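Colleague: My questions will all concern the structure given below.
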Amino acid sequence: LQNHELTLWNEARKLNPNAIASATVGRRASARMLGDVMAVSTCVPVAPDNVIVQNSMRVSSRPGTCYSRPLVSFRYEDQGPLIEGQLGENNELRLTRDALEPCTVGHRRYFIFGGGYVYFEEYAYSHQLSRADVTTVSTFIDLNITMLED
Amino acid sequence: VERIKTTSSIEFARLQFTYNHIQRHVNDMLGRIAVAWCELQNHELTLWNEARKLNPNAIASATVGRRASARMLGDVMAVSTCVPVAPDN
Amino acid sequence: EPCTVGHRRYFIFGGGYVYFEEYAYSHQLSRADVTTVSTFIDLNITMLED
Amino acid sequence: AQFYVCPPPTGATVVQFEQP
């Protein structure tokens with residue numbers, strides 16, 4: 001099974017190296033492909049109290065094109081300077097706010113934030129919500145094991 | 001001051017050991033399988049988070065249990081049930 | 001592809017890898033030369049003793 | 001041997017995968 005499963009993984013690392021490497025190595029790391037292998041680097045932990053979310057995903061300087069992912073301000077330490085950035089995939093912080101797409105009518109988006117989600121409507125913040133608020137379908141195949149009674 | 005009476009058949013004890021031995025082993029092995037199963041899914045999920053980005057339709061249809069349309073809406077996808085159509089139409 | 005600064009790349013070659021720097025050959029290397037992370041979920045099943 | 005047809009989904013119905 002594993003020998004078979006690997007064939008998917010060699011593809012998955014192409015699709016999203018960060019998640020694949022993070023799951024495979026055992027630590028939250030950032031990776032990038034360098035041909036037939038990925039380079040990794042440990043990511044710095046950040047407390048959730050030191051991160052604030054900027055409101056509007058619009059861009060005042062370039063109309064029609066606007067951010068695809070929420071913008072945040074984070075500080076490494078409680079007394080550290082406030083540094084701009086944008087939220088990423090599975091709670092990762094991007095220094096460059098380069099996630100720009102043409103603005104679309106009917107913009108309703110959910111983003112992973114902390115232990116829950118943040119919901120935006122028309123490139124504007126709408127509200128936060130907890131994980132339990134969204135129904136869950138299981139990707140796991142259940143297997144119930146009971147031991148022999150002594 | 002009493003005299004101890006001894007049963008004439010040790011077999012029960014042997015049975016116990018036998019029933020212990022087998023049991024212990026399986027209660028080990030199956031348990032390992034359980035863990036081995038668990039991590040698998042926990043590991044497998046990392047593939048799925050990519051697959052849903054490729055075509056949310058098939059992924060949602062397989063995971064939910066009904067043929068549904070899906071569209072990726074940020075970090076989560078929205079689904080909608082799909083109506084049947086006869087093959088002659 | 002357009003040539004990119006800081007071009008350091010590994011390529012599968014024979015039974016090992018070949019490493020290039022700045023779109024130029026650097027050197028060959030064996031499989032053991034690169035650390036390995038395992039995608040295999042270990043399952044140690046051992047047999048009953050007779 | 002039967003077909004399925006359906007429009008794009010709406011934001012009303014949202015579903016997430018289970019965490020480990």
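Quick reminder, even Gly has a Cβ in these numbers, built from the backbone with ideal geometry, and neighbours come from all protein chains shown. Since every read-out is calculated from the coordinates, none of them should be taken as a lab result.
Colleague: Report the charge-dipole magnitude of the protein assembly as shown in Debye, nearest 20, computed about the Cα centre from +1 at each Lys and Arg Cβ and -1 at each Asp and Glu Cβ.
Modeller: About 600 debye.
Colleague: Give me the extension gain from A:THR135 to A:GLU89: residue separation times 0.36 nm, minus the current Cα-Cα distance, reported in nm with one decimal.
Modeller: 14.5 nm
Colleague: Next question. By what distance, in whole Å, do the Cα atoms of chain C stretch along each of the three principal axes, largest value first?
Modeller: 64, 19, 15
Colleague: Shifting gears a bit: Name the residue from B:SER8, B:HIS43, B:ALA62 whose Cα lies farthest towards the positive end of the charge dipole of chain B, charges +1 on Cβ of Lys and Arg and -1 on Cβ of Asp and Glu.
Modeller: B:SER8
Colleague: Averaged across A:132-143, how many Cβ atoms of other chains sit within 10 Å of each residue's Cβ atom? Please report the intermediate quantities before stating the final value.
Modeller: Values: counts 0, 2, 4, 6, 5, 10, 5, 14, 10, 4, 2, 6.
Average per residue, whole number: 6.
Colleague: Let me test this: with uniform point scatterers at the alpha carbons of the protein assembly as shown, what is the Debye-based log₁₀ I(q)/I(0) at q = 0.07, 0.13 1/Å?
Modeller: Each listed q maps to, in turn, -0.45, -1.18.
Colleague: Related question: Which values of log₁₀ I(q)/I(0), to two decimal places, follow from the Debye formula for chain B at q = 0.15, 0.16 Å⁻¹ with a uniform point scatterer at every Cα?
Modeller: Per q value, in the given order, log10 I(q)/I(0) is -0.79, -0.83.
Colleague: Further, regarding this structure: Dipole of chain A (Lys/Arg Cβ +1, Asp/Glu Cβ -1, origin at the Cα centre): which of A:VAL134, A:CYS103, A:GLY88 lies farthest to the positive side?
Modeller: A:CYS103
Colleague: In peptide B:26-33, what is the residue-averaged number of other protein chain Cβ atoms found within 10 Å of each Cβ? Before the final figure, lay out the partial values.
Modeller: Working: counts 3, 6, 3, 6, 5, 2, 5, 4.
Mean shielding count: 4.
Colleague: Let me have the relative contact order for chain A, percent, based on Cα pairs under 8 Å that are six or more residues apart. If you can, show how the numbers build up before the last one.
Modeller: Details: 200 pairs, mean separation 18.5, N = 150.
This gives 12 percent for chain A.
Colleague: What order do you get for A:123-129, A:51-57, B:77-83 when each peptide is scored by the mean count of other beta carbon atoms within 10 Å, highest first?
Modeller: Working: A:123-129: 13.4, A:51-57: 15.0, B:77-83: 18.4.
The packing order, highest mean first, is B:77-83, A:51-57, A:123-129.
Colleague: Within a 10 angstrom radius of each residue's Cβ in B:78-89, how many Cβ atoms of other chains show up on average? Whole number is fine.
Modeller: Mean shielding count: 5.
Colleague: Taking N as the number of residues in region A:73-150, what is its Cα Rg relative to 2.2 N^0.38 Å?
Modeller: 1.67
Colleague: Under a crude label model (7 Å from the Cα following the beta-carbon direction), how far is A:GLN54 from A:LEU6 in nanometres?
Modeller: 4.5
Colleague: Binning at 10 angstrom from zero up to the longest distance, how are the C-alpha pair distances of chain A distributed in percent?
Modeller: 9, 28, 31, 22, 7, 2, 1, 0
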